[PDB]
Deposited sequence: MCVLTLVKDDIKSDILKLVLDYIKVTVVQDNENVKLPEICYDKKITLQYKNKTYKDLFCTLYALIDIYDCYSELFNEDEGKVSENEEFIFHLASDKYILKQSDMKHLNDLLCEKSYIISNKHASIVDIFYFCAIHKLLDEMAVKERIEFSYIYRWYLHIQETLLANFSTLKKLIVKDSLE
């Protein structure tokens, strides 16, 4: 139903891209419509979820995408949450070493954690990372980024 966001929020960017992920990856149904205010919230039915995580797991519940968003197939729920929690705990700021790691990790894997499809981690780090020297030095990251950008960004979303 009603998903209130914030105009320039990395967290709101995350939620938008999550909604897009839902649209593109799971819908084959009424998504929420977006409003803007000071603080993220989600009024659904007669319940009111507040803030990002509450809203994230709320949506995840509403739309039954937990096994997808957290890669339950491969039993890598722990890895996913550990990455997104690490990122959010570092206030969504990525050191250049994390940047070079990420490239080393995207060397073999198509995505950051799953070998199959996009994860919640991919979403978080996408929004959190969103010239030429970087594009050639950190080629795997650039590829991954372009791939996510074209495959996932859709109806809501941010800049391209």
Would you flag the ranges of the deposited sequence that the structure leaves without C-alpha positions?
-> 1, 30 to 33, 136 to 141, 172 to 180
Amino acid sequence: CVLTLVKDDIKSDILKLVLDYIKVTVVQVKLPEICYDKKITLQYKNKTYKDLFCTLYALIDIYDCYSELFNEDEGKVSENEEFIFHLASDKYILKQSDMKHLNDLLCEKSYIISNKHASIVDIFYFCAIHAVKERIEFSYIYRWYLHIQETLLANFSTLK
From here on, numbers count along this sequence of modelled residues.
Higher average CA B factor in the deposited record is what I'm after, so tell me if that's 96 to 104 or 118 to 126.
-> 96 to 104
Greater mean Cα temperature factor according to the PDB record, 51 to 59 or 33 to 41 | 33 to 41
Record-listed C-alpha B factor of residue 2: chain third | highest
Classify residue 18 as lowest, middle or highest third according to the C-alpha B-factor given in the PDB entry, relative to its own chain.
-> lowest
By its CA B factor, does residue 10 count among the lowest, middle or highest third of the modelled residues in the chain?
-> middle
Just say lowest, middle or highest third for the CA B-factor of residue 136 relative to the other modelled residues in its chain.
-> highest
